[PDB]
């Protein structure tokens, strides 16, 4: 029933359709593509294209050029539903699926389908990377045998809040935004955990 990643949806995709393009301002602004606004700056959209069914449509075409954008918007016109889903699957495969694995490698398992804790994992993997140690670090030295989904959600979101200044030392004008988000997701994940829903 519950769609995986919905809790952090507004920070990541924000209601965007599969054909949205923004051209970054600046000499090296590049461009960002699709529902999740995958940038050309850090090679993300290029990886997506390599993995896509539409890979060959883009043969010879470089991201952040009009030609590439023409073809991107053509595909989103003519295959809206498939493109959107292929984009979403790519974010899932490159963040959430990777974090599930990374956590397994630290001895943390989540072999169930309860929505709240899986939204937490998705969110965190997107914000801090598929290989982030944030969850592991926040759960460090707790008893997993006797820990509830609610406790997990509390520990992780408080860790985020309280380490914001350290993890984002270089960007202090965003601390207020980032701290609020950690507080707000905590509320929303706690509500979601009570409704006791299912994902995947």
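Residue numbers count along the first chain shown, from 1.
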Residue stretch of maximal mean CA temperature factor, 78-86 vs 122-130 = 78-86
Output the stretch having the higher mean C-alpha B factor in the entry; the candidates are 57-65 and 149-157.
-> 149-157
From 142, 40, 37, 52, pick the one with the largest CA B-factor in the entry?
-> 142
Residue, from 116, 91, 71, 98, that the PDB entry assigns the highest Cα B-factor | 116
Taking the chain's C-alpha temperature factors as the reference, tell me which third residue 192 falls into: lowest, middle or highest.
-> highest
Record-listed C-alpha B factor of residue 26: chain third = middle
Residue 32 by Cα B-factor - lowest, middle or highest third of the modelled chain | lowest
Ranked by Cα temperature factor within the chain, is residue 15 in the lowest third, the middle third or the highest third?
-> highest
Modelled-residue ranking by C-alpha temperature factor, third containing residue 170 | highest
